[PDB]
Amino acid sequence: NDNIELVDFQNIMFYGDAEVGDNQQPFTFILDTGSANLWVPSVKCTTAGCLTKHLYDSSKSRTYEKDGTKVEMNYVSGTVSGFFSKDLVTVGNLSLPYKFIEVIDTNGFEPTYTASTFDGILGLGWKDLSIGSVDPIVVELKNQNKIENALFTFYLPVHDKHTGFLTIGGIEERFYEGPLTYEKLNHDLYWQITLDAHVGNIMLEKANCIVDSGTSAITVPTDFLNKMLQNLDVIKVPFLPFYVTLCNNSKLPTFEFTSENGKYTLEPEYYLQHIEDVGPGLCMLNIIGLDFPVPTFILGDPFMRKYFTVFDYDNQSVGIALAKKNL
């Protein structure tokens, strides 16, 4: 099993480095289990955002194969566009020829892009979620017998305490304590599982829960959120879907998610973000209201900071265990 060290940025997201090109051109990635394409900004990029970034130069790579098919990647937080290219992609010490998007326009991905220090996004989703039918990196690696299992694991960094690791091809007991519980996927192409969701007396039976490394909140159905916030002494920021609270607000609830197999809780300490700068003793909730057609929670970064997670393509399941507080 190889692994990629995960560095914290502002206790809100984390990044890992990988390389694209036969000359070791190094890039910082958001590692996103909710998307299925890899992209890097190109030397051909003519946007303000690209100015600050590590850029990909295919002319300097002898393993570069031209594709040139045009493509737009639309995310909830914005859009990037360019064209497909193929080159050798190196993750940890493993590599494979791989198809990815060479990005020439990032103006539709502002203000996210220029505000953060990542260069690109490396998707870790399922094939049918990809534009252009790209087999996921971990599936290809397994198929090429470079790893033991078509699986990867997230041991997330904890700001001012330890680094994290993305591990490819196998599970390591050092990352977690207690039992590891596998939850079957309820969807063909999302890392989504079925859990009963409880927050106080508010309950949602057999909710869709998407375990997602690229989202820096817990998302909650908007009706469920409105019920949670009733008489909670929290205040919404003008123009933005964020709520502010005293950090030691005694009413802040604990999320409890349950299956047949297990029980996962998320206490206020994991979903609060200190904002001492805005005022003393104030926190933002890392919780946003979001309605999917079917009632869904996204168990983002705040969930994965507490819980070590195993993404298993072969067994179409997500393993969940309490992350070790330190290595």
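The numbering used is simple: start at 1 and walk along the sequence shown.
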If you average the CA temperature factors as listed in the entry, which stretch comes out higher, 180 to 188 or 232 to 240?
180 to 188
Taking the mean of the C-alpha B-factors per stretch from the entry, tell me the winner out of 169 to 177 and 115 to 123.
169 to 177
Per the entry, which of 34, 295, 41, 26 tops the list for Cα B factor?
26
Pull the Cα B-factor of residue 153 out of the PDB entry and bin it into the chain's lowest, middle or highest third.
middle
Taking only the Cα B-factors deposited for this chain, tell me whether residue 286 sits in the lowest, middle or highest third.
lowest
Among the modelled residues of its chain, the C-alpha B-factor of residue 212 falls in the third labelled lowest
Compared with the other modelled residues in the chain, in which third is the CA B-factor of residue 86?
middle
Please rank the C-alpha B-factors of the chain's modelled residues and tell me whether residue 278 sits in the lowest, middle or highest third.
highest
